[PDB]
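Each answer follows from the model by the rule given with it, or from the source it names; no laboratory instrument gave them. Methodologically, a virtual Cβ is constructed for each residue, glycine included, from the backbone with ideal geometry; neighbour enumeration extends over all protein chains shown.
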4 protein chains.
Amino acid sequence: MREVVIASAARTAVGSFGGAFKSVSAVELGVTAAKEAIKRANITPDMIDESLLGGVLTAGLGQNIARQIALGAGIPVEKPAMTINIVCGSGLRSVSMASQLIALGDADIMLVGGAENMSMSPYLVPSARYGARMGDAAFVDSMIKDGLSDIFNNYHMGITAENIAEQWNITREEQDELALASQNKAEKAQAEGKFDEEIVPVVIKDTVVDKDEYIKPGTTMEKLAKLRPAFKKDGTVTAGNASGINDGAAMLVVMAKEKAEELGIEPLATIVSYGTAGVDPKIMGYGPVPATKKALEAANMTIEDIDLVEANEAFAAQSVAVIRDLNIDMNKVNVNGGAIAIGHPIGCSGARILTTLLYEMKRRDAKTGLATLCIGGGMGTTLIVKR
Amino acid sequence: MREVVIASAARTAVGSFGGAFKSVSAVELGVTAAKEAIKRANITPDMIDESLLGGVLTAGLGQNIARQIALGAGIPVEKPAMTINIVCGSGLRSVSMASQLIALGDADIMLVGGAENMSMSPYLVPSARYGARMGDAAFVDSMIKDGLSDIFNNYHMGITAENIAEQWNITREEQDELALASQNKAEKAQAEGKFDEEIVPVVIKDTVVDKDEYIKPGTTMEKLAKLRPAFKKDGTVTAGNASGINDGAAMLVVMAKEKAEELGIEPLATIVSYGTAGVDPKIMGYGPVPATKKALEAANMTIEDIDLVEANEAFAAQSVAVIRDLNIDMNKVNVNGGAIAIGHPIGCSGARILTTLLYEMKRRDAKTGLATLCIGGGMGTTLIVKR
Amino acid sequence: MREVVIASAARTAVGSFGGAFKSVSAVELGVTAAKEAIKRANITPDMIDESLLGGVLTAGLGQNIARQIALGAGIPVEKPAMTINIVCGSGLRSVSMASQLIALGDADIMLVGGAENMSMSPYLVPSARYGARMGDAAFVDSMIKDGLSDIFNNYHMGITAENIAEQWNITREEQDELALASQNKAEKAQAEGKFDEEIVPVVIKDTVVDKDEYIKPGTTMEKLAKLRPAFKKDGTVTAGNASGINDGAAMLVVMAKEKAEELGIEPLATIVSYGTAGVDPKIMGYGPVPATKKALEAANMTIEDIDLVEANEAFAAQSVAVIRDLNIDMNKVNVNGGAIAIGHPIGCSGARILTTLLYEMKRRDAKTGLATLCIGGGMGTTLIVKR
Amino acid sequence: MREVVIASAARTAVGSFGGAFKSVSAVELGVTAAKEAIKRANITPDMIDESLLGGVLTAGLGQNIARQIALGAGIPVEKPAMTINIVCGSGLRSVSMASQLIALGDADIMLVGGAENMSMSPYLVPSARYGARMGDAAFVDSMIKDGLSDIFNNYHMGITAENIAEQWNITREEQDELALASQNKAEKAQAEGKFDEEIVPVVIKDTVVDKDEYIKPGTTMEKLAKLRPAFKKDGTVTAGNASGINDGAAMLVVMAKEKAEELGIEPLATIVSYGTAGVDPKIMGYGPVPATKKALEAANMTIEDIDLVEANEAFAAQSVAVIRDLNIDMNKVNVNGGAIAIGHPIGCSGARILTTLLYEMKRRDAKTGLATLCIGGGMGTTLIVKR
C-alpha cells in the first residue's frame, strides 16, 4: 500500500447564515477554493485524476455538485467526479476515502474536500407531485430535515447534545466556558493574521469576502449565561454554546507520496491513518471517540503522540465529552477557535477544520495532528497526519 | 491487493412512476432488498463492516439514507454508512468502490447497491427561506432539476440523447427497433420466470409487489412509430424509446474472496475490474465507451472475452451508439430486456442491472460478464465480473 | 319604492369535488349560466345595467370575477360589475341587494347570482413574500381557511353543526333521517326530469355536463349509520349527513316590475321581502331563523303563508333545528332534495336553491316561496317570492 | 328617498410595502379605524345596523373580513356584515352602496369603508390540491394576480397607464411633474399637521404608527427623470410616477340625515350623488371620467360647482388624462397630495381619499366635494358630497 500526502489546502472564509454568501452558491464557493488548492499544489487541473467531494444540502443544485465544482475549476471532462454524504463528516471522509483509492493505486492525484451553502438550501413540498387533496400540508425546511435533525428519533441534533450533557454530567457553565474560549481563541487568531494564509478570497461581482464572518468578539460569560435554551425547555444547550449555521467550501489536493516527490511538491502533511465508527444516533456527538481510538490503533499511536487536534465543535456539550474521554490536551485542541465561533457549514466542515489544522501545524512546527468530527445519525470520522 | 467477490444480490421489483411504490419510500425499498441480500449471503447483519449506497433524489428523506437503510436492515449502530451520488452510476459505483476498500484491506464485508423513489421526490421552493418579495417565483420539480436534466447545458437528459442520435446518425426507426426488442425480451423473460429468483417481494400493509410493473407487453413497431418526440420538436427520442421514471432498490453483499472461503459462501461472481470515465456533458450517453475500454484494459481483456453484457438503456439513441462502438454482441446484451421496458430508478439502476446480470450469468453457466451505465454530467461506469 | 321581479334563472349542474368541473373555472361556469339566464329573460346583454355576483374562494382567479363573468357573457364594458362575499349567503344576497338598488331606481335590470369552484381553489403560502427563515412553515388550503372554517373559534363549520346538535338535542339518527330523505328526494326528482328545465349544459371541448353529479342513489340508513364522525371524536356529524364540497354557478335576471311589463316578460316570481340577520358564530347554522322571521315580518306574513321552502342543507344538524324552530312543513322544504344530496358550492348555493325553488313553484302552481341559508361567521339570509 | 349623511371618518396612517404594517393585519387595521369612526359619530357599536366593507387581497384571511372587522370593533353578532370587491373602487363604493340601502329605508346607520394589507397578501399554488405531476409549476403572487394586473389582457395595471399615455399624448415629463407636485403637496400638508385630525394611531404591542410612511420629502425632477420605466421597455411609467403598494384601513359611519338630526350629530357632509361606470379594460385609468359625468348629471351639477376634488392617483398618466378631460381645477385636486406620495392600499383607497376630502373640506370651509377612483377591469366610481 503506498503512502499518501496532502499536497495543498484552501478554504473560503466561513459565512454567517443569511450573510456574506446568502447569494453565492455552494458550487461557486467550491470552485473558488478548488482552483486555489490546485495552484497551491503546483499542478494544473488536467493533472487531477478524479474528484470526491462532500455536500449534504444539495436539493435544487442540479446533478452532482462535485462534477459541477470539478468542471468549474477547469478539470477536464474526462476526469470523474462524485458527491458523498456522511453528513457532518463528509468533507473529511472525502480526504480519507480518496487516500484509500490512491494507496490502492487506482488514482495518483485527487481533488477532495467539501462545499455547503445552508443559506441557499430550499424548502420542500412533499405533497406537490400528487396533491395535498384537502387540508393544510407539510412545507419543510430541507436544512432542518436533511441536515440538522436526527431521522431515527425525530428531533434536532441539539437534543442529541442534551442527551450527552445529561449522561456525561456536563453543566451549562462548562458548556459556556468552552464556547467563551472558542470565541476568544478565534478573535485572537483572526486579529493576529493566523487565518490569512489558509483563506482564499471570494470575489462577488466588486465585493471581496476574506474574513470569517461568524466570530463574535467580546463574547463574555455574562452574555452567554443570559441566553435561553435553544432546543429543550430547561435545557443547557443554547445558540451561544452550539455551532452556527453557515456557508463555505474547503478543498485539498491529495496525491501519492511518490507522485509528490516526482513533481517536487512539498506537502502540507503525510496521511498516517484514519477511522470511521458508529454510536447510537441519540448520542451522535460521541462519535469521535470510537473513530479516534480506531485511527490511533491503526497508527500504533496514543493520544500522547498527537501534537495538535481539531475536533469539530458541533455543540459544546458533545465537545467536552469527547475531549475528556480521549484525554486530549485541553489547550492543544481548536487552538485558533472552533465551530461555535467560526461556524459549521455541514459538508464543508471536515475539510475546513483539516485546512486550519494543517496550516497551524506548519506554523508551530508541530509533527503530528488529528482532525475529527461527530456525525448526525451516530458516527464519527478521524484523520491522523504527520509532517 | 486481494480479490473481492459478490456474495449475493437481491432487488425489489421496479415500480412505475406513481405506481406500486407511490407511497413506499426509497428507504423502505432499500431495507427490504438489504435484509434479503444479507440472508442470501449466509451472514448476519452484524457481520457487515460498513455500507456504501447510491441514492440521488434524497431531498426531504432525512439525514443520509444509506445509514437509514443499514440500521433498518439490522446492521449495528457501530458500523458506518454513507450515501454516494454519481447520478445514474451510483448503484454500480457503490459496488466497485466498496471493492477498492476491501482490496486495500480496510473492510472485509460491505453492503452495497442503491435505492431510489422518483415518485416520492419533492418539489422545491428556492425563494422560501428569504422570500419571493414580489411577482411569481420558481417552484421546482427536484426530479427534473437534480436527476433528469444536465446542469451545464440546462436541458433534459433526453436532449443529450438527441445529440448522440444526430452525431452518430441513429435513426428514429433504429431507436424504436431497440425499444421493441427490449420490451419483447422483458415480456418473454418475465413470463418464463427469469426474474423470479432475483426479486424479493415488497409487502405493503396486505399487498405484495413482486412483478416489474413497467414492462409493456404487446408493444409493436406500429405503436412506437406513432409516438410524438418527447424532448425536441421534430426529434427522434420519444417516451417509447426512452427509459422510464421508476422506483426501486437493489442491494448486494461484497466481501474479500478469502472471507467468502472462510465462511463457505459460494459467490455469485468474482470482481475482475472496473472503470469510471468522463465525456462531454452534451454526449453523456457515450460514457460507457471510455469507461468500458478502461475496465477491459485493466482486466487485460477485450470485448470478445465477455459472455454477457448489461448496458443500461437510458435512451435507445445512446444505447445503439454504445453497442456499435464497443462491438458488443447485439443479442448478448440486455438479454432479459433493459430499462426502456423495466425502468430506470436512477440511483438503484446500476445495482439493478448488476443483479439481473449475475442471475442470468449463473443460469446460462456463462463465465464472464460486464455491467455499464451512462451518467448525467458526462460519465460512464463499468464493472467486469467472472464466475 | 317600486316592485322587483325575477325575470329568469339558470344554473349549471352541480359538480362533485374533483369531478366534472375539476378543470372548468368558476368564471367559465358563471358565463355559461349568465348567457342562458339572459336568453331566458328575452333580453340582450346590453340591456343589463350592472352585475352583482357572489363568489367566496376567489384566490388566484384574477381581478373581480363578477366583471369577468359579465364581460364573458357579452355585457358591454360600460356596465359595472362587483363581487360580493357574505360566505354561504352570497348567491342569494346578490339577488336581494340588487332588488334594493332596483327598488330605489338606480338600476332597471341586473345580472345576479353566484359562482364557485371549490376544486380549483388554491393552496396559500403566507410566509412566501418575506420568507420562512428557518423551520417548517404554513401551507394552507384556502378552501378550508376562507370557506369552510370559522375564524373566530378556529374550527371547521362542522363543529358549529355539532354545537347545534348538542344544544338543540338533535340526534345522529335524526340527522341521518334528514340526509336519507334528501338523497331519495333528489334521486326521485332527477329521475322524473324535474331538474331538466333549470339546468343549462356545460360544454367542455366534446363532453356535455348536464346532470347533478353528487347525488348518491340507493343511500340507505344502514350505510349512513356506519359512517364515522367527520369533525369531532364521538360526534354526530358525518360526511353523509353534511353538505358536500362542490362546483357550480347559478345566475338570474332581476328587473323592475314595470320594466318586465314594458318588455312583455313573464317573470318567474315577484320579490316580496328579504332579511339578513346575525347569530353567534358558534351556532351559525341557526342564522336562517332570525333572518326568516325578519323577512316574514317585513312581508306581513307568517310561515303559514308560505307554500314552498328551500332551506340550504349545510349540515343536517342545523337544518333540523331551523325547520323545527320556524315550524316549517317538513315535506314542503327541499322537495327535490337539498345540499346533502346535490352539493354546496359556497358562493353559488344561494342562487342554486333559489333557481330550484322558482322552477318547482311554477310546476306546482304554488303561490308563495321562501329561500334561506345559514352563513359562516354567524348569519342567515332569506328571500320571499310570490307568483 | 331620504337623504344620507357621512357622520364621521377615521383612517390609519398608510404604511409602506414591507413597512410599518408588515405584520399588522388588514382586520387589525380595520378594527382600529372602525372603533374610532364609531366614537367620532357619537354612537355606540350596537347602533350600527350592518357593515359593508371593501377588501380585495383577502386570501388566507379567513371568512369574510368585513364580519371580522365588525365583531372586532364591538358591533353585536346580530348585525350583518359583508365584504365587497370592485377592486380599487371598493372602499368608496361601500359608502355609496350603503347610502342606497339607507335611502331606501332598509338601514338607518352603517359602518362602511375598506381595509387592505398588500404586504401580508400570500403566494398561491394552483397545482397543490391535485398535484403538479412532473416539471416545474406555477407559484403565484396573489397581489399581482388578483390586485395589480388586468385579467382580460394579462398585463400589469401599469400597462393600462402606458396605453393612456400613448393615446392621450401624456409625456414622461408631464407625468413626473404631477408626481413631483403630489410629493411636495403631501410633504407640506404632513408638516403643517393637516393629516393629524383624520388619522387614528395604530398601537403595536409598544410602537405607535401615526404618520403616513410612504411620502418622499425632497423628491425632485432630477431624481424622477433618472428612474427607469417600471412596466414597458422604453415606457413612460416609472415607480416614481406610479402609485405605491401599501397597507391601511379607512372607516366611516353613514346614516340617514333624519337619524343624525335625532341624535344631534353634526355630520362631515351630506351625500349628493354617486356614479359607477365602465370603460374598456385596456384604458381602465379613464374610468373616473364617465363615472363622474354620471354623478354630476344625477346631482344637476357641473364640474364648476365642485370646490374640492380627490381623484386617486393610480398612475400619473391616467390622472393627467382624467383632470384634463373633466376640466378639473389643477390645484383644487389632491390638495394635500395623492397616492403617488401617500400610497394605494387597494381596497382601502376609496375610503382613504374620501376621509382626506372630508377633513380638508371642513378646514377650508368648502361647500362641495368629489371623490373618484379608476378601477382595474375598466371602471370608475364617484361620490359627490356637500356641507
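Search region A:129-158 for residues being crowded, with 19+ Cβ neighbours inside 10 Å and away from chain B (no Cβ under 11 Å), and hand back the single one that is farthest from A:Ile245 (Cα to Cα).
A:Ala132
Against the condition closer than 13 Å to D:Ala311 by Cβ and buried (at least 24 other Cβ atoms within 10 Å of the Cβ), how does D:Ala341 come out, does it pass? Let's see the steps before the verdict.
On the way: closer than 13 Å to D:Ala311 by Cβ: no; buried (at least 24 other Cβ atoms within 10 Å of the Cβ): yes.
Judged against the criteria, D:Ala341 is not a match.
Can you tell me how many residues in region D:1-19 are of a type in the set (A, V, I, L, M, F, W, C), in contact with a strand residue (DSSP E or B) (Cβ under 8 Å, 6 or more places away or on another chain) and either closer than 30 Å to C:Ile102 by Cβ or within 14 Å of chain C (Cβ to nearest Cβ) (or both)? Give the steps one after another, and end with the answer.
Step one: list which residues in region D:1-19 are of a type in the set (A, V, I, L, M, F, W, C), which gives D:1, D:4-7, D:9-10, D:13-14, D:17.
Next, from what is left, pick out any that are in contact with a strand residue (DSSP E or B) (Cβ under 8 Å, 6 or more places away or on another chain): D:4-7, D:9-10, D:13-14, D:17.
Retained after the next criterion (residues that are either closer than 30 Å to C:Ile102 by Cβ or within 14 Å of chain C (Cβ to nearest Cβ) (or both)): D:4-7, D:9, D:17.
Residues that pass the stated criteria total 6.
Kindly evaluate C:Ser25 against the criterion of being surrounded by 22 or more Cβ atoms within 10 Å (Cβ to Cβ) and in the same structural domain as C:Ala250 (by CATH).
no
Could you grab me the full set of residues in region C:246-257 that are surrounded by 24 or more Cβ atoms within 10 Å (Cβ to Cβ) and either away from every other protein chain (no Cβ under 14 Å) or not in a strand (DSSP E or B) (or both)?
First pass over region C:246-257, keeping only residues surrounded by 24 or more Cβ atoms within 10 Å (Cβ to Cβ): C:246-255.
C:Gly248, C:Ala249, C:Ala250, C:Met251, C:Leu252, C:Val253, C:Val254, C:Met255 - these are the residues of region C:246-257 that are surrounded by 24 or more Cβ atoms within 10 Å (Cβ to Cβ) and either away from every other protein chain (no Cβ under 14 Å) or not in a strand (DSSP E or B) (or both).
Which condition does C:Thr83 not pass, out of (1) of a type outside the set (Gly, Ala, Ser); (2) at the interface with chain D (Cβ under 7 Å from one of its Cβ atoms); (3) within 29 Å of B:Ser127 (Cβ to Cβ), if it passes all the others?
Just one mismatch for C:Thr83, condition (3).
Across region C:104-128, what is the number of residues that are within 24 Å of C:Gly347 (Cβ to Cβ), among the small types (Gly, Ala, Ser) and within 11 Å of chain D (Cβ to nearest Cβ)?
Number satisfying all stated conditions: 3.
Among the listed residues B:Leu308, B:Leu263, identify the single one that is surrounded by fewer than 23 Cβ atoms within 10 Å (Cβ to Cβ) and under 18 Å from B:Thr381 (Cα atoms).
Numbers: B:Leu263 fails: under 18 Å from B:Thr381 (Cα atoms).
Every option except B:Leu308 fails the conditions.
Which condition number in (1) at positive phi; (2) touching an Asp or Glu at 6+ places or on another chain (Cβ under 9 Å); (3) among the acidic types (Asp, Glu) is the one that A:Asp365 fails?
Unmet condition: (2).
Please work out which one of (1) touching a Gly at 6+ places or on another chain (Cβ under 9 Å); (2) under 30 Å from D:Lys386 (Cβ atoms) is the condition D:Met301 fails and give its number.
Result: D:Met301 passes all but (1).
Looking at this structure, is C:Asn169 of a type in the set (S, T, N, Q), surrounded by fewer than 22 Cβ atoms within 10 Å (Cβ to Cβ) and within 14 Å of another protein chain (Cβ to nearest Cβ)?
Working: of a type in the set (S, T, N, Q): yes; surrounded by fewer than 22 Cβ atoms within 10 Å (Cβ to Cβ): yes; within 14 Å of another protein chain (Cβ to nearest Cβ): no.
Answer is no for this residue.
Can you pull out every residue in region C:349-386 that is of a type in the set (S, T, N, Q), in contact with a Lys or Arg (Cβ under 7 Å, 6 or more places away or on another chain), buried (at least 24 other Cβ atoms within 10 Å of the Cβ) and not in a helix (DSSP H, G or I)?
Our first condition is that a residue be of a type in the set (S, T, N, Q); within region C:349-386, this holds for C:349, C:355-356, C:368, C:372, C:381-382.
Still in the list and also in contact with a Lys or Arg (Cβ under 7 Å, 6 or more places away or on another chain): C:355, C:368, C:381.
Among the residues that remain, those that are also buried (at least 24 other Cβ atoms within 10 Å of the Cβ) are: C:355, C:381.
Correct list: C:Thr381 only.
Among the residues of region D:182-191, are any basic (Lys, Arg), assigned by CATH to the domain that holds D:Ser23 and either surrounded by fewer than 16 Cβ atoms within 10 Å (Cβ to Cβ) or within 28 Å of D:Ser90 (Cα to Cα) (or both)? Break it down into steps so the answer makes sense when it comes.
Step one: of region D:182-191, the residues basic (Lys, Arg) are D:185, D:188.
So of that shortlist, the ones also assigned by CATH to the domain that holds D:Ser23 come out as none.
No, because not a single residue in region D:182-191 is basic (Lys, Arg), assigned by CATH to the domain that holds D:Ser23 and either surrounded by fewer than 16 Cβ atoms within 10 Å (Cβ to Cβ) or within 28 Å of D:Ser90 (Cα to Cα) (or both).
Exactly one condition in (1) touching a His at 6+ places or on another chain (Cβ under 8 Å); (2) not in a helix (DSSP H, G or I) is not met by A:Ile144; state its number.
In the conditions (1) touching a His at 6+ places or on another chain (Cβ under 8 Å); (2) not in a helix (DSSP H, G or I), A:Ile144 misses (2) alone.
Please enumerate the residues belonging to region B:346-387 that are under 14 Å from the mean Cα position of the chain (by Cα) and not hydrophobic (A, V, I, L, M, F, W, C).
Within region B:346-387, B:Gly347, B:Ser349, B:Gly350, B:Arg352, B:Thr355, B:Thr356, B:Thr372, B:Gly376, B:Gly380, B:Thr381, B:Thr382 qualify.
Please tell me if A:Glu266 is under 17 Å from A:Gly369 (Cβ atoms), part of a loop (DSSP other than H, G, I, E, B) and either among the charged types (D, E, K, R) or within 14 Å of chain B (Cβ to nearest Cβ) (or both).
yes
Suppose the filter is crowded, with 23+ Cβ neighbours inside 10 Å and under 15 Å from C:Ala250 (Cβ atoms); does C:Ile48 pass it?
Working: crowded, with 23+ Cβ neighbours inside 10 Å: yes; under 15 Å from C:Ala250 (Cβ atoms): no.
So C:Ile48 fails the test.
With the requirement that a residue be under 16 Å from D:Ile342 (Cα atoms) and buried (at least 19 other Cβ atoms within 10 Å of the Cβ), what does region D:199-213 give you?
If the condition is that a residue be under 16 Å from D:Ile342 (Cα atoms) and buried (at least 19 other Cβ atoms within 10 Å of the Cβ), then D:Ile199, D:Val200, D:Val209, D:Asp212, D:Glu213 are the ones that fit.
Mind listing just one residue for me: the one in region A:282-305 that is charged (D, E, K, R) and farther than 27 Å from A:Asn241 by Cβ and, of those, nearest to the other protein chains (Cβ to nearest Cβ)? Show your work before the answer.
To start, the set of residues in region A:282-305 that are charged (D, E, K, R) comprises A:282, A:293-294, A:297, A:304-305.
If we keep only those that are farther than 27 Å from A:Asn241 by Cβ as well, we get A:294, A:297, A:304-305.
Values: A:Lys294: 10, A:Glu297: 13, A:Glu304: 25, A:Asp305: 21 Å.
The selected residue is A:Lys294.
Residue under question is B:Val208, and the condition is that it be over 26 Å from B:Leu383 (Cα atoms), assigned to a strand (DSSP E or B) and more than 13 Å from chain A (Cβ to nearest Cβ); does it hold?
Values: over 26 Å from B:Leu383 (Cα atoms): yes; assigned to a strand (DSSP E or B): yes; more than 13 Å from chain A (Cβ to nearest Cβ): yes.
The answer is yes for B:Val208.
Within region C:34-43, can one find any residue that is within 13 Å of chain D (Cβ to nearest Cβ) and either part of a helix (DSSP H, G or I) or surrounded by fewer than 24 Cβ atoms within 10 Å (Cβ to Cβ) (or both)? Write out each step before concluding.
Taking region C:34-43 first, the residues within 13 Å of chain D (Cβ to nearest Cβ) are none.
Taking every residue of region C:34-43 in turn, none turns out to be within 13 Å of chain D (Cβ to nearest Cβ) and either part of a helix (DSSP H, G or I) or surrounded by fewer than 24 Cβ atoms within 10 Å (Cβ to Cβ) (or both).
Any idea which of C:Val333, C:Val279 is surrounded by fewer than 24 Cβ atoms within 10 Å (Cβ to Cβ) and within 14 Å of chain D (Cβ to nearest Cβ)? Before the answer, list the steps.
Working: C:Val333 fails: within 14 Å of chain D (Cβ to nearest Cβ).
It is C:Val279.
Go through (1) of a type in the set (A, V, I, L, M, F, W, C); (2) within 22 Å of B:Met134 (Cα to Cα); (3) part of a helix (DSSP H, G or I) for D:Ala260 and report which single condition fails.
D:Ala260 satisfies all of (1) of a type in the set (A, V, I, L, M, F, W, C); (2) within 22 Å of B:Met134 (Cα to Cα); (3) part of a helix (DSSP H, G or I) except (2).
Filtering region B:214-236 down to residues that are of a type in the set (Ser, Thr, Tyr) and buried (at least 16 other Cβ atoms within 10 Å of the Cβ), which residue is farthest from B:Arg11 (Cα to Cα)? Walk me through how you get there before you give the answer.
Filtering region B:214-236 down to residues of a type in the set (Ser, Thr, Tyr) leaves B:214, B:219-220, B:236.
Imposing the further condition that a residue be buried (at least 16 other Cβ atoms within 10 Å of the Cβ) reduces the set to B:214, B:219, B:236.
On the way: B:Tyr214: 15, B:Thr219: 25, B:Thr236: 32 Å.
Per the criteria, the residue is B:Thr236.
From the list D:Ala298, D:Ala321, which one is under 22 Å from D:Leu354 (Cα atoms), small (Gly, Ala, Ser), assigned by CATH to the domain that holds D:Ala165 and surrounded by fewer than 17 Cβ atoms within 10 Å (Cβ to Cβ)? Spell out the reasoning first.
Details: D:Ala321 fails: surrounded by fewer than 17 Cβ atoms within 10 Å (Cβ to Cβ).
Going through D:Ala298, D:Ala321 in turn, the sole match is D:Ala298.
Do we find a residue being farther than 30 Å from D:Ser121 by Cα, surrounded by fewer than 24 Cβ atoms within 10 Å (Cβ to Cβ) and more than 8 Å from every other protein chain (Cβ to nearest Cβ) anywhere in region B:65-73?
Yes.
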